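For reference, the structure is listed below as structure tokens.
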Amino acid sequence: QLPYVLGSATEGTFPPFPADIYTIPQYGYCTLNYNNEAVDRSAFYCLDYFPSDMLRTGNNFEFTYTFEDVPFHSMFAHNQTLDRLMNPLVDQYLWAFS
Amino acid sequence: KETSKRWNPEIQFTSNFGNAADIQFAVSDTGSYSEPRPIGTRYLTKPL
Amino acid sequence: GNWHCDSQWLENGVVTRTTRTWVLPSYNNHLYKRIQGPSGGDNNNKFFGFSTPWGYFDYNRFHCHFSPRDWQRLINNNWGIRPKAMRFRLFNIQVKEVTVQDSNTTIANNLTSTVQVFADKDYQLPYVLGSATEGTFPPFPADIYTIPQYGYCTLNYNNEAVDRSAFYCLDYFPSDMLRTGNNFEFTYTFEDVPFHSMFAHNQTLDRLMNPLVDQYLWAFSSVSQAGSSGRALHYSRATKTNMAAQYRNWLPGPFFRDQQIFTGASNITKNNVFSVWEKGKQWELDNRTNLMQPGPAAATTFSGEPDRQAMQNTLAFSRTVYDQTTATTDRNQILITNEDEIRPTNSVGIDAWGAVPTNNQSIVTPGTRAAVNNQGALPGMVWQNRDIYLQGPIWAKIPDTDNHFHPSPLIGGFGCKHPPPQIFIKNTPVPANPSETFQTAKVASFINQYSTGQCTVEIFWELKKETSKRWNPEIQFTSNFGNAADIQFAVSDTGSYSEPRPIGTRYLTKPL
Amino acid sequence: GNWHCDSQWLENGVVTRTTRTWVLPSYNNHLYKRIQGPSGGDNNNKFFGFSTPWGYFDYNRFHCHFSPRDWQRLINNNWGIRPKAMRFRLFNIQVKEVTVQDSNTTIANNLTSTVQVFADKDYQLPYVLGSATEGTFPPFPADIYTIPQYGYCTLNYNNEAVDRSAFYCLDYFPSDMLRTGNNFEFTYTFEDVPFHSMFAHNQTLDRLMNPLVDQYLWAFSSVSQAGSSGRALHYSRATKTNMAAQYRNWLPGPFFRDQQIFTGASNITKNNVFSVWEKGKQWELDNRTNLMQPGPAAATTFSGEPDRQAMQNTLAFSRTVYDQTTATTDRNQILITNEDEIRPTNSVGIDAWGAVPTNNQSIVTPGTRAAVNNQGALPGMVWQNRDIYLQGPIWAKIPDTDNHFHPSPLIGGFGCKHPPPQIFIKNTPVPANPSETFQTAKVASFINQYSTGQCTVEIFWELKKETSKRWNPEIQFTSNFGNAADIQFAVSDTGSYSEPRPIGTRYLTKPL
Amino acid sequence: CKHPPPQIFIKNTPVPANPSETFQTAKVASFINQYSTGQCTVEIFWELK
Amino acid sequence: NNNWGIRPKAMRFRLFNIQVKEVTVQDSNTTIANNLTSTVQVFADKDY
């Protein structure tokens, strides 16, 4: 229900190296607009309006999430070309205009 | 149903703007029913 | 606890959860002090009372509990609203210990220090919440709420005390001392109050008749001269053509007139030079005269004349809670409510309520009549209350008195004998090192400290949903008209939250 | 069904069965049309609304349900009456199909055609029954009842519509289509309403005292001149000789004054030439001023002065339902009610309610006082409602508003939040032959037809019987005084039924 | 994904500096300067072909 | 104003209060009358 900024590939991701320390980036979002000024349909989301969990030192936060079915990525290349799928040793039985 | 957690209010379809002396979506004196303006379903907004 | 600012919508009701962060100063240096009114010749502004080293939570306004989107969803879909139950709880307490040295301040926690809190359930302390004053929660959840000091006025003759004036020590009341780990909570249920009317009227009070037929009731019409010295009495039945003289079962509500002002660019010149305190309406009690500020509700202006309207009745709000300016000459800075939606039932405030015959006629004396500027309740009166606004007070406490008359608060909202309790809070004093030798002098030296925390307020509201079988669409509150480049009910670049326009609950209409 | 016009009397109650034959025209050629007020400079008579191809049963008058003999038996034996339950049913429907050719009309039945009927139980349509207008059932059972057309007014600025005006299509509501064999019925139960007072008072409001004793209460009496420059305060106890200055617990009801007319042969000359719309009393709402026609009830005339009486308050009726004359200069044509029976509690309308001191006296300023022409409710007021009449309305609908004050209808009868529903009825249109080739034009050609039938209404009334222990006999309604050769409440030789005089419910008396 | 991994938001709740000991209506701009640190573990089960 | 989405689920069509009228024109004058026994035949094409 809040503008989702993760799709665009931007900075503020965890480091690749485990010893590094991760500075958490600030959250901001864009809304519908005409140039810099706001169109009538632009929205303002206050993230305080959302229920949160306040956490002290002893406290800790957790949640689990399960991906919806997505297709496997193809980690393979192809041995064959799309146009070369044919048997090289034979001829077609299909006539065509020449 | 809507669940909209944006803070500020939203556009909604209201009868207001127009000729005040004109009552909209009602019969005339002759008895002819009339639709003064088109009405679509997209008013409420949602994050893309 | 946790942070709940959301509101969840239910069948025939809604709960509004709101959460704030508060700061509590130590007021009056831990002393009960005796305040009094300003020294002057004007006896109207004088008072006598006490100020206490205490503070109180005032969450009574609508925009504390509702967001502008929740409010829209409320008012467009619903005919009525009233509160049912409430839950206030207070948690994440931490007190800070301030030390200033070398013009350099240092703040630190004290985990063992306490803050003591009690709610007055028996209404045994002067109840200051009814009057609509500052120190309410902010409308915007990210803001921080400074808890106002508690003080009260007692019976008085000018600034000096009358014999019956009282002194209440809030320490005499049992309290709950609270450290960091501790938290305070109590629940409260509203007594039955009438639903507010979130609807306007489709019909005028006098037009309730069938326009196609005539009445069967004859009525006296006129005296005419028949012959030279003779007379003739004329009677007539009211016809659909003549609706002015016609029988009716009902009358407008009680009325108290108020002067007019010209509120608009072209008309602004037609105003005479004057002040409210002179030409306005007022009521006096004991030796003081008080402006009757809201008064009984009345339509603010005529149909087709939006720019000439009543000076007394309409409420007005600031578009930010934080403005320090107490007077302004421009109306774009502040928000002004429009009372026009009660025009069918309530007569406009400008023009008189009616006219009365003042004498017994004869051939010697022609009959005389006079205008009715003020009218008390007559049998057959019906009237609407001033509607509630997003920025206006939710409730007031009906005074404890032998007699009430239709006791809805004249500012707005819901009157109660047993309103929500006042919740009092204090920093227990922690004294500075004593003198190591016993002295009899009073202890004036305390550890400078304040406390902060979070308070959640949860109110279950009962709703009366629309069922509207009118064919054509209805007026509803939309964000549209205004400056498009201006986004409304949002923060600025500086971070200041602002309310661009007032929002009332009466949009939907219903047959009278 | 069958024909029940009888009424059967029960212990502590009565049911009044009445039956009529009705005709239903096809109104507006099966169209919703937009009516508006008359074109003129007078803004008081302007309105905006709609007229519907519908009709409605208005049975709301007393003489519909009661016969003059049943009414007599009612009022002489009973202290109070209120309605309890009601049953309306509609049967023996037959629609007639009219064809006019060669200036010669031919009427025939259509057995398959339908008439659709619904009662509005949720009060979601403008309710026109409260205003007392024509189209009620006849008082005489042999007459035939033409069902009036339904139309309503909506919020307006002069004749043109304001933005909040509504349009109700009565087709959007679920209806029951009915052929000949079919019949419609529904039952309804009145919410608790107070009994009407069918009694007068034996005592005056101010005479409640024991005439044989004196009060023990002292009161200030006068200031006197003691010596030259001195003064003396005199106190006195009220004695059975002096009843004017005496303590009392109660006061007359709210009051609104009204001008006087000279209603009788010798006095008729003492009238000045004037009209109600000038010298009368009125109330204004929005930009319109409306004559306050019934107003709060008040005694119409003084004791011993029957011929000088109030012009506004008294109701008046026609002695036949069918008279087309809307104005008349003779009072023998129409019936005029006398409100004198409330004289003990209610102050007369002519003279002022009282007098108020208007200034603070001193030796420099003598005290001044002014008359009270209009008075709103004060603590300790008691008053009587205008009594119901055989020809007057039974009920009205209390408007839907936040606030009511003693909401009894100012014309008379019983106010209700949920009054008897409005029963709507219509002739479903049957179109004429189409064009045999598809056209897009609207269908204006319908088979000309109307429908008739019978409707029975049955109301159970709750009665409060007299127990009167006064020694001597009481006033009762008798047919005696009048023209002996004139038989009253009977048909003429032409067949016209007529009501010779008005009949109210207050005859029996009871101690105040 | 229609329903990708949620966005996880985090904030430092503000703790205000000492008030003025007399009630003022101005907005509270003075907060205790603070930041927070900690550890976050992320565990994703991947399906392999 | 209150809703993000809409789609139809089920539908019920029914047809009733049938009456056929029998038209006769003579002398430039039309006369319409009922025929109670005449029929009107109706079918819905479910198989498209």
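Points worth noting:
- For region C:198-229, the set of residues classified as among the acidic types (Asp, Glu) and either under 34 Å from the mean Cα position of the chain (by Cα) or more than 8 Å from chain D (Cβ to nearest Cβ) (or both) consists of C:206 only.
- Strands (runs of 3 or more DSSP E) (entirely within region C:101-197) containing at least 1 residues that are more than 14 Å from chain A (Cβ to nearest Cβ) and within 24 Å of the chain's Cα centre (by Cα): C:115-120, C:144-146, C:149-154, C:184-189
- Where strands (runs of 3 or more DSSP E) sit wholly within region C:1-73, those with at least 3 residues that are among the hydroxyl-bearing types (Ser, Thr, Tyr) occupy C:13-24, C:48-56.
- All told, residue C:40 meets the bar of being out of contact with any helix residue (DSSP H, G or I) (no Cβ under 9 Å at 6 or more places or on another chain) and surrounded by fewer than 16 Cβ atoms within 10 Å (Cβ to Cβ).
- Residue in region D:79-97 that is touching a strand residue (DSSP E or B) at 6+ places or on another chain (Cβ under 9 Å), outside any strand (DSSP E or B) and either aromatic (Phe, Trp, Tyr) or closer than 30 Å to residue D:504 by Cβ (or both) present: no
- Checking each residue in region C:484-512 for being out of contact with any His (no Cβ under 8 Å at 6 or more places or on another chain), more than 14 Å from chain A (Cβ to nearest Cβ) and of a type in the set (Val, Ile, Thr) picks out C:494, C:503.
- Here the condition is being in contact with a strand residue (DSSP E or B) (Cβ under 7 Å, 6 or more places away or on another chain), away from every other protein chain (no Cβ under 14 Å), of a type outside the set (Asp, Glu) and closer than 26 Å to residue C:371 by Cβ; of D:367, D:354, it holds for D:367 alone.
- Pairs where the first residue, in region C:484-506, is without any contact (Cβ under 8 Å) to a residue 12 or more places away in the chain and the second is loosely packed, with under 14 Cβ neighbours inside 10 Å and of a type in the set (D, E, K, R), C-beta under 8 Å, 6+ apart: C:484/A:37; C:485/A:37
- Residues of region D:275-287 that are without any contact (Cβ under 8 Å) to a residue 12 or more places away in the chain and surrounded by 17 or more Cβ atoms within 10 Å (Cβ to Cβ): D:282, D:283, D:284, D:285, D:286.
- Of all residues in region D:274-305, those that are over 16 Å from residue D:258 (Cα atoms) and either assigned to a loop (DSSP other than H, G, I, E, B) or out of contact with any strand residue (DSSP E or B) (no Cβ under 7 Å at 6 or more places or on another chain) (or both) total 6.
- Candidates in region D:309-326 are the residues that are surrounded by fewer than 19 Cβ atoms within 10 Å (Cβ to Cβ), more than 8 Å from chain C (Cβ to nearest Cβ) and of a type outside the set (D, E, K, R); of these, the one that is farthest from residue D:64 (Cα to Cα) is D:325.
- Criterion: closer than 30 Å to residue C:305 by Cβ and within 7 Å of chain C (Cβ to nearest Cβ) - qualifying residue of D:287, D:272: D:287
- Number of the exception - residue D:11 against (1) within 28 Å of residue C:217 (Cβ to Cβ); (2) away from chain B (no Cβ under 14 Å): (1)
- Matching entry among C:481, C:438, C:460 (being surrounded by fewer than 14 Cβ atoms within 10 Å (Cβ to Cβ), among the hydrophobic types (A, V, I, L, M, F, W, C), more than 14 Å from chain A (Cβ to nearest Cβ) and more than 24 Å from residue C:128 (Cβ to Cβ)): C:438
- Residue within region C:380-394 that is surrounded by fewer than 21 Cβ atoms within 10 Å (Cβ to Cβ) and more than 22 Å from the chain's Cα centre (by Cα) present: no
- Some residue of region F:1-11 being within 14 Å of chain B (Cβ to nearest Cβ) and of a type in the set (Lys, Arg): yes
- Answer residue from region C:211-225, given it is in a loop (DSSP other than H, G, I, E, B) and free of Cβ contacts under 8 Å to residues at least 24 places away in the same chain and is nearest to residue C:426 (Cα to Cα) among those: C:216
- Candidates in region D:398-427 are the residues that are more than 8 Å from chain C (Cβ to nearest Cβ) and charged (D, E, K, R); of these, the one that is surrounded by the fewest Cβ atoms within 10 Å (Cβ to Cβ) is D:417.
- Scanning region D:407-428 for residues that are touching a helix residue (DSSP H, G or I) at 6+ places or on another chain (Cβ under 9 Å) and part of a loop (DSSP other than H, G, I, E, B) yields a total of 1.
- Residue within region C:96-109 that is in contact with an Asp or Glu (Cβ under 8 Å, 6 or more places away or on another chain) and not β-branched (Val, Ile, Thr) present: yes
- One residue alone among C:252, C:294, C:306 is over 26 Å from residue D:321 (Cβ atoms) and facing chain D (nearest Cβ under 7 Å), and that residue is C:252.
- Test: residue in region C:233-254 that is within 25 Å of the chain's Cα centre (by Cα) and assigned to a loop (DSSP other than H, G, I, E, B): yes
- In region A:33-76, the residues that are among the hydroxyl-bearing types (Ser, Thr, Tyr), within 11 Å of chain C (Cβ to nearest Cβ) and in a loop (DSSP other than H, G, I, E, B): A:42, A:45
- Checklist (1) surrounded by 10 or more Cβ atoms within 10 Å (Cβ to Cβ); (2) free of Cβ contacts under 8 Å to residues at least 24 places away in the same chain applied to residue A:64, failing item: (1)
- Members of region C:299-345 found to be out of contact with any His (no Cβ under 8 Å at 6 or more places or on another chain) and among the hydroxyl-bearing types (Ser, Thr, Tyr), listed by number: C:300, C:301, C:303, C:314, C:318, C:320, C:322, C:325, C:326, C:328, C:329, C:337
- Candidates C:383, C:395 - the one that is aromatic (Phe, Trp, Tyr) and within 8 Å of chain D (Cβ to nearest Cβ): C:383
- Meets criteria (closer than 30 Å to residue C:341 by Cα, out of contact with any strand residue (DSSP E or B) (no Cβ under 6 Å at 6 or more places or on another chain) and hydrophobic (A, V, I, L, M, F, W, C)) for residue D:410: yes
Read-outs: derived from the displayed coordinates by stated rules, not from any lab. Neighbour counts run over all protein chains shown; Cβ positions are idealised from the backbone, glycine included.
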